[PDB]
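K.L.:
Structure file work-v6.cif (mmCIF, C-alpha atoms and all ligand atoms) right here:
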data_model
loop_
_atom_site.label_atom_id
_atom_site.label_comp_id
_atom_site.auth_asym_id
_atom_site.auth_seq_id
_atom_site.Cartn_x
_atom_site.Cartn_y
_atom_site.Cartn_z
CA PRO N 1 -50.40 68.42 -18.12
CA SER N 2 -49.86 65.89 -15.31
CA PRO N 3 -47.86 66.63 -12.12
CA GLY N 4 -45.22 64.23 -13.54
CA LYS N 5 -45.06 66.15 -16.83
CA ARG N 6 -44.90 69.52 -15.08
CA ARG N 7 -42.00 68.11 -13.04
CA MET N 8 -40.21 66.86 -16.21
CA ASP N 9 -40.29 70.31 -17.81
CA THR N 10 -39.35 72.16 -14.62
CA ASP N 11 -36.58 69.65 -13.80
CA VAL N 12 -35.06 69.72 -17.32
CA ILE N 13 -35.13 73.52 -17.60
CA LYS N 14 -33.52 73.66 -14.18
CA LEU N 15 -30.83 71.31 -15.47
CA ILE N 16 -30.36 73.37 -18.69
CA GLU N 17 -29.90 76.55 -16.60
CA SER N 18 -27.34 74.82 -14.31
CA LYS N 19 -23.59 74.85 -15.01
CA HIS N 20 -24.04 71.56 -16.85
CA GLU N 21 -23.95 71.79 -20.67
CA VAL N 22 -27.11 70.25 -22.10
CA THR N 23 -28.09 69.13 -25.65
CA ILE N 24 -31.80 68.32 -26.16
CA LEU N 25 -32.62 65.42 -28.50
CA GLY N 26 -36.24 64.50 -29.44
CA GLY N 27 -37.70 66.68 -26.68
CA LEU N 28 -37.20 67.30 -22.96
CA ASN N 29 -37.41 63.56 -22.18
CA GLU N 30 -34.05 62.91 -23.96
CA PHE N 31 -30.96 65.03 -23.52
CA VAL N 32 -27.20 64.65 -23.41
CA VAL N 33 -24.87 66.32 -20.97
CA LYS N 34 -21.13 66.88 -21.24
CA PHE N 35 -19.62 65.26 -18.16
CA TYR N 36 -16.04 65.56 -16.91
CA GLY N 37 -14.26 62.77 -15.01
CA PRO N 38 -14.00 63.59 -11.28
CA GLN N 39 -10.66 64.90 -10.00
CA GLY N 40 -8.52 62.49 -8.02
CA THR N 41 -9.99 59.42 -9.72
CA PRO N 42 -8.65 57.41 -12.67
CA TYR N 43 -11.43 59.15 -14.74
CA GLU N 44 -9.87 62.59 -14.22
CA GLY N 45 -9.15 64.11 -17.62
CA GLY N 46 -11.95 62.19 -19.34
CA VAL N 47 -14.88 63.82 -21.15
CA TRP N 48 -18.10 61.98 -21.89
CA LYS N 49 -21.42 62.53 -23.49
CA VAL N 50 -23.97 61.19 -21.09
CA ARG N 51 -27.43 60.58 -22.46
CA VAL N 52 -30.41 60.73 -20.11
CA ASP N 53 -33.86 59.44 -21.05
CA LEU N 54 -36.86 60.14 -18.82
CA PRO N 55 -39.54 57.46 -18.67
CA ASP N 56 -43.22 58.48 -19.14
CA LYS N 57 -43.64 57.72 -15.38
CA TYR N 58 -40.93 60.20 -14.34
CA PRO N 59 -40.19 61.14 -11.52
CA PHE N 60 -41.72 58.08 -9.87
CA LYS N 61 -39.55 56.00 -12.22
CA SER N 62 -35.89 56.94 -12.39
CA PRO N 63 -34.16 58.24 -15.53
CA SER N 64 -31.98 55.88 -17.45
CA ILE N 65 -28.38 57.01 -17.96
CA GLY N 66 -25.95 55.96 -20.72
CA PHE N 67 -22.43 57.00 -21.67
CA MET N 68 -22.49 57.59 -25.38
CA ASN N 69 -18.72 57.30 -25.66
CA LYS N 70 -16.99 54.27 -24.13
CA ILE N 71 -16.25 54.01 -20.44
CA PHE N 72 -14.63 51.25 -18.36
CA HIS N 73 -16.36 50.89 -14.99
CA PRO N 74 -17.68 47.97 -12.95
CA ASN N 75 -21.34 49.27 -12.88
CA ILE N 76 -21.60 50.47 -16.48
CA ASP N 77 -22.23 47.99 -19.29
CA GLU N 78 -19.24 48.62 -21.55
CA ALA N 79 -20.77 47.83 -24.97
CA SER N 80 -23.93 49.94 -24.46
CA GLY N 81 -22.66 52.54 -21.93
CA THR N 82 -25.75 51.95 -19.82
CA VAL N 83 -25.50 52.68 -16.08
CA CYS N 84 -26.84 49.91 -13.83
CA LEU N 85 -30.50 50.72 -13.13
CA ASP N 86 -30.35 49.07 -9.69
CA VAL N 87 -27.54 51.49 -8.76
CA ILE N 88 -29.48 54.49 -10.11
CA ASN N 89 -32.54 53.30 -8.14
CA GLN N 90 -30.60 53.15 -4.85
CA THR N 91 -30.18 56.94 -5.12
CA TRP N 92 -33.24 58.06 -7.10
CA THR N 93 -36.39 59.35 -5.45
CA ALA N 94 -39.49 61.24 -6.72
CA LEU N 95 -37.98 64.49 -5.36
CA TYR N 96 -34.34 63.93 -6.28
CA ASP N 97 -32.76 66.85 -8.11
CA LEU N 98 -31.94 65.92 -11.72
CA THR N 99 -28.87 68.25 -11.60
CA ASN N 100 -27.48 66.03 -8.79
CA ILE N 101 -27.13 63.13 -11.24
CA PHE N 102 -24.18 65.06 -12.63
CA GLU N 103 -23.05 66.91 -9.53
CA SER N 104 -23.33 64.05 -7.05
CA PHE N 105 -24.52 60.65 -8.34
CA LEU N 106 -22.17 60.07 -11.30
CA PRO N 107 -19.01 61.56 -9.65
CA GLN N 108 -19.50 59.37 -6.63
CA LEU N 109 -20.22 56.24 -8.73
CA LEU N 110 -17.02 56.72 -10.77
CA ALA N 111 -14.94 57.45 -7.66
CA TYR N 112 -16.40 54.51 -5.65
CA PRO N 113 -17.82 51.64 -7.77
CA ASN N 114 -19.72 48.68 -6.35
CA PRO N 115 -17.68 45.72 -7.74
CA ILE N 116 -20.21 43.14 -6.45
CA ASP N 117 -22.87 42.12 -9.05
CA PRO N 118 -21.07 44.23 -11.72
CA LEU N 119 -22.17 45.01 -15.30
CA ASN N 120 -18.51 45.01 -16.29
CA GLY N 121 -16.91 41.85 -14.72
CA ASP N 122 -13.55 42.69 -16.25
CA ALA N 123 -13.52 46.16 -14.63
CA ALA N 124 -14.73 44.76 -11.30
CA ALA N 125 -11.99 42.07 -11.14
CA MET N 126 -9.25 44.64 -12.01
CA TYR N 127 -10.69 47.10 -9.55
CA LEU N 128 -10.45 44.57 -6.72
CA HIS N 129 -7.25 42.74 -7.66
CA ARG N 130 -5.18 44.81 -10.10
CA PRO N 131 -5.85 48.47 -9.24
CA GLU N 132 -2.84 49.69 -11.31
CA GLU N 133 -4.08 47.84 -14.41
CA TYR N 134 -7.58 49.16 -13.65
CA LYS N 135 -6.32 52.76 -13.61
CA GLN N 136 -4.17 52.26 -16.74
CA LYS N 137 -7.06 50.60 -18.59
CA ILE N 138 -9.18 53.66 -17.78
CA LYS N 139 -6.42 56.06 -18.94
CA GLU N 140 -6.14 54.18 -22.30
CA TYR N 141 -9.94 54.27 -22.78
CA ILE N 142 -9.82 57.99 -22.01
CA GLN N 143 -7.19 58.56 -24.73
CA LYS N 144 -9.03 56.36 -27.24
CA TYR N 145 -12.67 57.38 -26.54
CA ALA N 146 -13.06 60.24 -24.09
CA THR N 147 -11.02 63.25 -25.06
CA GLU N 148 -12.32 66.35 -26.85
CA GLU N 149 -10.21 65.10 -29.77
CA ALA N 150 -11.93 61.69 -29.77
CA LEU N 151 -15.42 63.23 -29.50
CA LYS N 152 -14.82 65.34 -32.63
CA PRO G 1 7.72 38.00 -1.26
CA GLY G 2 4.47 39.99 -1.29
CA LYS G 3 2.93 36.92 -3.00
CA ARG G 4 4.57 34.66 -0.45
CA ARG G 5 2.95 36.92 2.16
CA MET G 6 -0.47 36.63 0.44
CA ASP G 7 -0.44 32.84 0.30
CA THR G 8 0.77 32.40 3.89
CA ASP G 9 -1.48 35.15 5.31
CA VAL G 10 -4.48 33.44 3.67
CA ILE G 11 -3.41 29.92 4.77
CA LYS G 12 -2.94 31.20 8.32
CA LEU G 13 -6.43 32.69 8.26
CA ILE G 14 -7.80 29.35 6.93
CA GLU G 15 -5.98 27.57 9.84
CA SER G 16 -7.33 30.07 12.42
CA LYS G 17 -10.72 29.86 14.21
CA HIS G 18 -12.17 32.20 11.55
CA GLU G 19 -14.39 30.39 9.08
CA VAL G 20 -13.12 31.12 5.57
CA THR G 21 -14.75 30.38 2.21
CA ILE G 22 -12.42 30.87 -0.76
CA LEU G 23 -14.09 32.38 -3.84
CA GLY G 24 -12.10 32.61 -7.14
CA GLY G 25 -8.69 32.14 -5.52
CA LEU G 26 -6.66 32.93 -2.42
CA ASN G 27 -7.03 36.68 -3.18
CA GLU G 28 -10.84 36.62 -2.60
CA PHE G 29 -12.70 34.99 0.21
CA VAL G 30 -15.51 35.48 2.69
CA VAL G 31 -15.12 35.18 6.45
CA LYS G 32 -17.94 34.65 8.96
CA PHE G 33 -17.76 37.49 11.43
CA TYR G 34 -19.51 37.97 14.79
CA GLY G 35 -20.38 41.40 16.14
CA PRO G 36 -18.15 42.35 19.10
CA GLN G 37 -19.38 42.04 22.70
CA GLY G 38 -20.30 45.30 24.42
CA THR G 39 -21.12 47.13 21.18
CA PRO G 40 -24.45 47.75 19.45
CA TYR G 41 -23.44 44.92 16.98
CA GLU G 42 -23.26 42.31 19.65
CA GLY G 43 -25.09 39.22 18.47
CA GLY G 44 -25.09 40.04 14.75
CA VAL G 45 -23.54 37.65 12.18
CA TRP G 46 -22.03 38.87 8.90
CA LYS G 47 -20.36 37.45 5.82
CA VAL G 48 -17.39 39.67 5.19
CA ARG G 49 -15.71 39.57 1.75
CA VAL G 50 -12.02 40.40 1.48
CA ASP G 51 -10.21 41.03 -1.80
CA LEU G 52 -6.40 41.23 -1.98
CA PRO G 53 -4.66 43.45 -4.54
CA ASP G 54 -1.64 42.23 -6.44
CA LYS G 55 0.75 44.44 -4.40
CA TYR G 56 -0.48 43.10 -1.02
CA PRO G 57 0.64 43.73 1.78
CA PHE G 58 2.01 47.10 0.66
CA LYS G 59 -1.54 47.71 -0.51
CA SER G 60 -4.41 47.07 1.92
CA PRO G 61 -7.22 44.57 1.31
CA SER G 62 -10.62 45.85 0.41
CA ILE G 63 -13.37 44.69 2.75
CA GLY G 64 -17.12 44.46 2.17
CA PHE G 65 -20.06 43.32 4.27
CA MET G 66 -22.07 40.94 2.15
CA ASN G 67 -25.24 41.14 4.31
CA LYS G 68 -26.48 44.56 5.34
CA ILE G 69 -24.93 46.55 8.20
CA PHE G 70 -25.67 50.04 9.50
CA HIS G 71 -22.40 51.87 10.33
CA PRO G 72 -21.00 55.35 9.55
CA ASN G 73 -17.91 54.10 7.68
CA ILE G 74 -19.64 51.36 5.73
CA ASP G 75 -21.60 52.04 2.54
CA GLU G 76 -25.04 50.58 3.28
CA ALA G 77 -25.95 49.50 -0.28
CA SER G 78 -22.67 47.83 -1.24
CA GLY G 79 -21.35 46.88 2.19
CA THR G 80 -18.00 48.51 1.33
CA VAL G 81 -15.78 49.47 4.29
CA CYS G 82 -14.18 52.88 3.83
CA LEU G 83 -10.76 52.32 2.21
CA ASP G 84 -9.33 55.46 3.82
CA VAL G 85 -10.31 54.07 7.26
CA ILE G 86 -8.76 50.69 6.35
CA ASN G 87 -5.55 52.43 5.21
CA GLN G 88 -5.20 54.28 8.54
CA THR G 89 -4.86 50.90 10.33
CA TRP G 90 -3.26 48.79 7.55
CA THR G 91 0.54 48.32 7.51
CA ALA G 92 2.77 45.96 5.53
CA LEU G 93 3.04 43.74 8.61
CA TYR G 94 -0.67 43.72 9.42
CA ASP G 95 -2.24 40.34 8.64
CA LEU G 96 -5.67 38.98 7.90
CA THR G 97 -6.46 37.36 11.23
CA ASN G 98 -6.18 40.86 12.76
CA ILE G 99 -8.67 42.33 10.29
CA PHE G 100 -11.19 40.13 12.11
CA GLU G 101 -9.73 40.15 15.63
CA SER G 102 -8.64 43.79 15.89
CA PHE G 103 -9.62 46.09 13.00
CA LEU G 104 -13.28 45.32 12.44
CA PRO G 105 -14.28 44.95 16.13
CA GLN G 106 -12.48 48.22 16.98
CA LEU G 107 -14.22 49.96 14.04
CA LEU G 108 -17.67 48.63 15.04
CA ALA G 109 -17.01 49.81 18.64
CA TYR G 110 -15.67 53.20 17.52
CA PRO G 111 -16.76 54.68 14.16
CA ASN G 112 -14.12 56.82 12.49
CA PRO G 113 -14.73 60.57 12.01
CA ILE G 114 -13.48 60.41 8.40
CA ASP G 115 -16.31 61.59 6.07
CA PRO G 116 -18.93 58.87 6.48
CA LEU G 117 -20.14 56.44 3.83
CA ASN G 118 -23.38 56.24 5.75
CA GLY G 119 -24.47 59.82 6.66
CA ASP G 120 -27.68 58.67 8.30
CA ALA G 121 -25.65 56.32 10.52
CA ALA G 122 -23.14 59.10 11.30
CA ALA G 123 -25.85 61.62 12.27
CA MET G 124 -27.59 59.13 14.57
CA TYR G 125 -24.32 57.89 16.08
CA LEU G 126 -23.35 61.46 16.95
CA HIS G 127 -26.67 63.04 18.03
CA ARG G 128 -29.07 60.18 18.70
CA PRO G 129 -27.06 57.37 20.12
CA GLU G 130 -30.15 55.51 21.34
CA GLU G 131 -31.74 55.53 17.88
CA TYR G 132 -28.37 54.43 16.45
CA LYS G 133 -28.44 51.34 18.69
CA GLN G 134 -32.13 50.60 17.94
CA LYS G 135 -31.62 50.79 14.18
CA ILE G 136 -28.61 48.47 14.41
CA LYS G 137 -30.72 46.05 16.45
CA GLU G 138 -33.41 46.17 13.77
CA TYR G 139 -30.88 45.59 10.99
CA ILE G 140 -29.37 42.68 12.88
CA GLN G 141 -32.78 40.97 13.22
CA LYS G 142 -33.55 41.65 9.60
CA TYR G 143 -30.19 41.00 7.86
CA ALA G 144 -27.69 39.54 10.30
CA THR G 145 -28.86 36.48 12.20
CA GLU G 146 -27.99 32.86 11.26
CA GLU G 147 -31.60 32.57 10.06
CA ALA G 148 -31.41 35.68 7.83
CA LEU G 149 -28.18 34.31 6.30
CA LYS G 150 -29.84 30.94 5.41
CA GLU G 151 -32.49 32.90 3.51
NA NA N 201 -10.36 28.75 9.69
#
So that I can check it, write out the structure of this file as structure tokens.
Ligand code: NA
P.N.:
Amino acid sequence: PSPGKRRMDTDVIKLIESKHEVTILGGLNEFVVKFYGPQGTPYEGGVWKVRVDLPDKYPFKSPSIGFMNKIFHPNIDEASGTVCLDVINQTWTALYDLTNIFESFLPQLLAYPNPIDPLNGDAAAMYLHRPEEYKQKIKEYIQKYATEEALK
Amino acid sequence: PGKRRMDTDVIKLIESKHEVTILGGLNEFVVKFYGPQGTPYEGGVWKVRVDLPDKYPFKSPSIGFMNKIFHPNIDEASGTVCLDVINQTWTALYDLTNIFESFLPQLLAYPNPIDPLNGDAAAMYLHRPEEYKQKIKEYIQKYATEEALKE
């Protein structure tokens, strides 16, 4: 097995053993993690199933990250749930710790979006101009799509 | 009243020496901003985007550098100025001309010790001031001259 493949297995097992709750799909290159909205943000209270796919060229190429249940955020395509790959790539390196996607990358993205060049223009505009509507829109999406109730 | 303040604060900024481009409306615009004399930013040129929230001026503007800048309280990738740092200076009677005449030059002269948005910039500022200045100089030449802005 390649250095890249050895890293995939080691990385994913490391992630499985972490505090993060992992469900494996087709194999170790596709898993889903239960992710909780960060405290002190409009996402607080939300629960999401975040799917991660690892490319064959991992870890040189970054994982792709998608929210399987709906989220409203300037840098996440609403209809697909896909996190902006340019944003992931600003953080990702060949030695970046996969567990930090959940501990560090995603909490910080949700807390502090980049509303310039957004994947969700609606969310970006509200973020910048109507922060109270932005927060309320997120709270409504949480109640409709991102509670334990909604997920079952 | 707040909206009356938005319209007149923006029109005053338009009337001032500061060069303003309006984007979607009076609540979003870009101002051409020159690095303050006697700081490591001296000589740099930036396009600074300001967005005004509906409850302005009770709520502060958000402020982003549209071409790259290296500073502890500014997120390098997005150009976003730390909103907590903005809020420490913002009041309901603060206006827009002072964002450019007072707030931003004082911030570029004196980074704020609030948890940094640029950790690399904070570490250099604090422990390697000479490398901090050199890196800013390099970023200015690369991202923040009139020529770099044309491109
Ligand atoms: Na003007």
K.L.:
Neighbours of residue N:122 within 12 Å (all atoms listed in the file; same-chain residues fewer than 4 positions away dropped), as JSON, numbers by chain?
P.N.:
{"N": [72, 73, 74, 75, 76, 77, 78, 115, 116, 117, 118, 126, 127, 128, 129, 130, 131, 133, 134, 137, 138]}
K.L.:
Rank N:97, N:86, N:44, N:21 by their smallest atom-to-atom distance to chain G, using all atoms listed in the file, and report the top residue only.
P.N.:
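Going through N:97, N:86, N:44, N:21 one by one, the smallest distance to chain G is for N:86.
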K.L.:
With all atoms listed in the file counted, collect every polymer residue having an atom within 8 Å of ligand NA 201 (chain N); state the result as a list in words.
P.N.:
residues 12, 13, 14, 15, 16, 17, 18, 19 and 20 of chain G
K.L.:
Create the file for the chosen residues now, containing C-alpha atoms and written as a PDB file, in the coordinates of the input.
P.N.:
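Written out: part-v2.pdb:
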ATOM      1  CA  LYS G  12      -2.940  31.200   8.320  1.00  0.00           C
ATOM      2  CA  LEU G  13      -6.430  32.690   8.260  1.00  0.00           C
ATOM      3  CA  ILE G  14      -7.800  29.350   6.930  1.00  0.00           C
ATOM      4  CA  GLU G  15      -5.980  27.570   9.840  1.00  0.00           C
ATOM      5  CA  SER G  16      -7.330  30.070  12.420  1.00  0.00           C
ATOM      6  CA  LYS G  17     -10.720  29.860  14.210  1.00  0.00           C
ATOM      7  CA  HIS G  18     -12.170  32.200  11.550  1.00  0.00           C
ATOM      8  CA  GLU G  19     -14.390  30.390   9.080  1.00  0.00           C
ATOM      9  CA  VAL G  20     -13.120  31.120   5.570  1.00  0.00           C
TER      10      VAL G  20
END
K.L.:
Would you compute the distance between atom CA of residue G:145 and atom CA of residue G:67? Give it in Å to one decimal.
P.N.:
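For atom CA of residue G:145 relative to atom CA of residue G:67, the distance reads 9.9 Å.
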K.L.:
List the spatial neighbours of residue G:6 as JSON, numbers by chain - criterion: any atom at most 8 Å away, all atoms listed in the file, same-chain residues fewer than 5 positions off excluded.
P.N.:
{"G": [26, 27, 52, 56, 57]}
K.L.:
Could those residues be written to a file, using C-alpha atoms, as a PDB file, in the frame of the given file?
P.N.:
ATOM      1  CA  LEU G  26      -6.660  32.930  -2.420  1.00  0.00           C
ATOM      2  CA  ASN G  27      -7.030  36.680  -3.180  1.00  0.00           C
ATOM      3  CA  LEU G  52      -6.400  41.230  -1.980  1.00  0.00           C
ATOM      4  CA  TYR G  56      -0.480  43.100  -1.020  1.00  0.00           C
ATOM      5  CA  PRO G  57       0.640  43.730   1.780  1.00  0.00           C
TER       6      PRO G  57
END
K.L.:
Any idea what's packed within 8 Å of residue N:41, counting all atoms listed in the file, ignoring anything in its chain fewer than 3 positions away? Could you give it as a short mmCIF file (atom, residue, chain, number, x, y, z; two decimals) with C-alpha atoms, keeping the file's coordinate frame?
P.N.:
data_model
loop_
_atom_site.label_atom_id
_atom_site.label_comp_id
_atom_site.auth_asym_id
_atom_site.auth_seq_id
_atom_site.Cartn_x
_atom_site.Cartn_y
_atom_site.Cartn_z
CA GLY N 37 -14.26 62.77 -15.01
CA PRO N 38 -14.00 63.59 -11.28
CA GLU N 44 -9.87 62.59 -14.22
CA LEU N 110 -17.02 56.72 -10.77
CA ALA N 111 -14.94 57.45 -7.66
#
K.L.:
Provide the atom CA of residue N:26 to atom CA of residue N:149 distance in Å, to one decimal place.
P.N.:
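According to the coordinates, atom CA of residue N:26 and atom CA of residue N:149 are separated by 26.0 Å.
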K.L.:
So which one's closest to chain G, N:95, N:101, N:87, N:151? Using all atoms listed in the file, please.
P.N.:
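Selected residue with least distance to chain G: N:87.
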K.L.:
Where does chain G meet chain N within 12 Å, residue by residue, with the nearest atom pair and distance in Å to one decimal for each, counting all atoms listed in the file, listed by chain and rising number, as a Markdown table?
P.N.:
| residue | atom | partner | partner_atom | distance |
| --- | --- | --- | --- | --- |
| G:24 | CA | N:125 | CA | 10.3 |
| G:25 | CA | N:129 | CA | 10.9 |
| G:26 | CA | N:129 | CA | 11.1 |
| G:27 | CA | N:129 | CA | 7.5 |
| G:28 | CA | N:129 | CA | 8.7 |
| G:49 | CA | N:116 | CA | 10.0 |
| G:50 | CA | N:128 | CA | 9.3 |
| G:51 | CA | N:128 | CA | 6.1 |
| G:52 | CA | N:129 | CA | 5.9 |
| G:53 | CA | N:129 | CA | 4.1 |
| G:54 | CA | N:130 | CA | 5.7 |
| G:55 | CA | N:130 | CA | 8.2 |
| G:56 | CA | N:129 | CA | 9.5 |
| G:59 | CA | N:131 | CA | 9.8 |
| G:60 | CA | N:128 | CA | 10.8 |
| G:61 | CA | N:128 | CA | 8.7 |
| G:62 | CA | N:128 | CA | 7.2 |
| G:63 | CA | N:128 | CA | 9.9 |
| G:64 | CA | N:116 | CA | 9.3 |
| G:65 | CA | N:116 | CA | 10.7 |
| G:66 | CA | N:116 | CA | 9.1 |
| G:75 | CA | N:114 | CA | 9.7 |
| G:76 | CA | N:90 | CA | 10.2 |
| G:77 | CA | N:90 | CA | 7.5 |
| G:78 | CA | N:114 | CA | 6.0 |
| G:79 | CA | N:114 | CA | 8.9 |
| G:80 | CA | N:114 | CA | 7.9 |
| G:81 | CA | N:112 | CA | 11.2 |
| G:82 | CA | N:112 | CA | 9.9 |
| G:83 | CA | N:112 | CA | 9.9 |
| G:84 | CA | N:112 | CA | 11.9 |
| G:117 | CA | N:112 | CA | 10.4 |
K.L.:
Atom CA of residue N:142 to atom CA of residue N:47: how many Å, to one decimal?
P.N.:
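Spanning atom CA of residue N:142 to atom CA of residue N:47 is a straight-line distance of 7.8 Å.
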K.L.:
Select, from G:68, G:38, G:5, G:30, the residue with the minimum atom-to-atom distance to residue G:140, counting all atoms listed in the file.
P.N.:
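Using all atoms listed in the file, residue G:140 sits closest to G:68.
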K.L.:
Could you work out an axis-aligned box for stretch 104-111 of chain N, taking every atom the file lists and adding 6 Å on each side, and report centre and edge lengths in Å to one decimal, as AutoDock Vina command-line options?
P.N.:
--center_x -19.7 --center_y 60.1 --center_z -9.0 --size_x 21.6 --size_y 19.8 --size_z 16.7
K.L.:
Determine the nearest neighbour of residue G:33 from the options G:73, G:146, G:90, G:115, counting all atoms listed in the file.
P.N.:
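Between G:73, G:146, G:90, G:115, the residue approaching residue G:33 most closely is G:146.
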K.L.:
Might you pull out every residue within 10 Å of residue G:45, with all atoms listed in the file counted and same-chain residues fewer than 4 positions away left off, and present them as a ChimeraX atom specification?
P.N.:
/G:32-36,41,67,69,140-141,143-149
K.L.:
Show me, as an MDAnalysis selection string, the residues that have an atom within 10 Å of stretch 3-8 of chain N when counting all atoms listed in the file, minus same-chain residues fewer than 2 positions from it.
P.N.:
chainID N and resid 1 10:14 28:29 54:60 94:95 98
K.L.:
G:108, G:122, G:11, G:114: which is nearest residue G:87, counting only C-alpha atoms?
P.N.:
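Selected residue with least distance to residue G:87: G:114.
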K.L.:
Could N, CA and C atoms be built for stretch 23-38 of chain N and written out as a compact mmCIF listing (two decimals), in the coordinates of the input?
P.N.:
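Below is the file result_38.txt, written as the result:
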# COMPACT_ATOMS: atom_id res chain seq x y z
N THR N 23 -27.55 69.23 -24.29
CA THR N 23 -28.09 69.13 -25.65
C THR N 23 -29.39 68.30 -25.65
N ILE N 24 -30.45 68.89 -26.21
CA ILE N 24 -31.80 68.32 -26.16
C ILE N 24 -31.93 67.51 -27.42
N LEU N 25 -32.45 66.28 -27.32
CA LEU N 25 -32.62 65.42 -28.50
C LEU N 25 -34.02 65.51 -29.11
N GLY N 26 -34.83 64.46 -28.98
CA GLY N 26 -36.24 64.50 -29.44
C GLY N 26 -37.17 65.49 -28.74
N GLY N 27 -36.86 65.82 -27.50
CA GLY N 27 -37.70 66.68 -26.68
C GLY N 27 -37.09 66.66 -25.30
N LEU N 28 -37.79 67.20 -24.31
CA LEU N 28 -37.20 67.30 -22.96
C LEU N 28 -37.04 65.96 -22.23
N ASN N 29 -37.64 64.90 -22.74
CA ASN N 29 -37.41 63.56 -22.18
C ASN N 29 -36.14 62.85 -22.66
N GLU N 30 -35.30 63.51 -23.47
CA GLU N 30 -34.05 62.91 -23.96
C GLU N 30 -33.05 64.02 -24.14
N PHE N 31 -31.99 64.01 -23.36
CA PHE N 31 -30.96 65.03 -23.52
C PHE N 31 -29.60 64.40 -23.26
N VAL N 32 -28.55 65.13 -23.59
CA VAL N 32 -27.20 64.65 -23.41
C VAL N 32 -26.46 65.77 -22.71
N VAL N 33 -25.62 65.39 -21.76
CA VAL N 33 -24.87 66.32 -20.97
C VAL N 33 -23.38 65.98 -21.09
N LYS N 34 -22.57 67.01 -21.30
CA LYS N 34 -21.13 66.88 -21.24
C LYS N 34 -20.71 66.71 -19.79
N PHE N 35 -19.98 65.64 -19.51
CA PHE N 35 -19.62 65.26 -18.16
C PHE N 35 -18.11 65.04 -18.12
N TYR N 36 -17.48 65.60 -17.09
CA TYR N 36 -16.04 65.56 -16.91
C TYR N 36 -15.67 64.60 -15.78
N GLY N 37 -14.68 63.74 -16.02
CA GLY N 37 -14.26 62.77 -15.01
C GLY N 37 -13.86 63.45 -13.71
N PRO N 38 -14.30 62.92 -12.56
CA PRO N 38 -14.00 63.59 -11.28
C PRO N 38 -12.52 63.58 -10.90
